[PDB]
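Below is one structure, written out as structure tokens; the observations come after it.
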Amino acid sequence: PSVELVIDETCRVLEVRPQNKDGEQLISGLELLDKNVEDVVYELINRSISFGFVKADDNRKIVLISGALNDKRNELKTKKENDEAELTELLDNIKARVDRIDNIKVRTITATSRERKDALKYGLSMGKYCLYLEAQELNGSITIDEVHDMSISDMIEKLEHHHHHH
Amino acid sequence: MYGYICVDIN
């Protein structure tokens, strides 16, 4: 369930847009605009349980909160590290916020403008593109089509059960 | 303009 939430300086989600088709049906009829990203993701995960896209209690479910620093922010590269650091803390807050839901274990991945441009074209979230990218380095036996339907939890084991060795 | 958060719920 890949969704991209564009946030303002005040941490409020300006627009909720789908990265993948699964996220599109999930966000159908969701008013989550002008609200803080922390509550936005919390309601979003819970609605993924309601629609039944993902299993709440059955599997060790990894929920991915990935965030990238925007292209316009990256106009200059002066202390872009600082913005990334604050972004990492922003994501760390989202992580601690949404982990309060039943059997939700969260991974947070900070990404650059590259992962986001590619992720929206490949039809995934930034972090699911990022671990796919790394999984093609660690193996290369993972296709982009399967990534649309698979779990990010299953992607972690794709990366760890790496078979670029024969 | 701060950033974009791509979530993937499993």
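Apply the Karplus curve 6.51 cos²θ - 1.76 cosθ + 1.60, θ = phi - 60°, to the phi angles in segment A:11-27 and return the couplings in whole Hz, x for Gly and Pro.
6, 9, 6, 7, 9, 10, 10, x, 9, 10, 4, 4, x, 5, 6, 6, 8
Show me the chymotrypsin sites (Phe, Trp or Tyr not before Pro) within segment A:26-90 that DSSP assigns to loop and that have at most 16 other Cβ atoms within 10 Å of their Cβ.
In loop regions of segment A:26-90 (DSSP not H, G, I, E or B), the sparsely surrounded chymotrypsin sites (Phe, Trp or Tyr not before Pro) are A:53.
Can you pull the mean other chain C-beta count within 10 Å for peptide A:60-68?
4
Report, for chain A, the % of DSSP beta bridges that are antiparallel, rounded to 5.
Percent antiparallel among DSSP bridges in chain A is about 45.
What order do you get for A:108, A:78 when you list them from fewest to most C-beta neighbours inside 10 Å?
Arranged by neighbour count, lowest to highest, A:108, A:78 become A:78, A:108.
Would you mind ranking B:6, A:11 by Cβ crowding within 10 Å, fewest neighbours first?
Ordered by Cβ neighbours within 10 Å, fewest first: A:11, B:6.
Report the GluC sites (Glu not before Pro) located in segment A:24-129 that are in a DSSP loop and have at most 15 other Cβ atoms inside 10 Å of their Cβ, or state none.
Here the GluC sites (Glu not before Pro) that fit, given the DSSP loop and packing criteria, are A:31.
Hey, which of these cross-link pairs are over 31 Å Cα-Cα: A:77/A:105; A:35/A:105; A:72/A:128; A:55/A:77?
A:77/A:105; A:55/A:77
Please arrange A:141, A:48, A:151, A:66 by counting, for each residue, the other beta carbons lying within 10 Å of its beta carbon, fewest first.
A:141, A:151, A:48, A:66
What does the charge add up to near residue A:125, with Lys and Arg as +1, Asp and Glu as -1, over the other residues with Cβ less than 10 Å from its Cβ?
Spelling it out: positives minus negatives among the neighbours equals -1.
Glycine gets a Cβ as well: all are built from the backbone with ideal geometry, and neighbour counts include every protein chain shown. Read the figures in this text as sums done on the coordinates, not as results from a lab.
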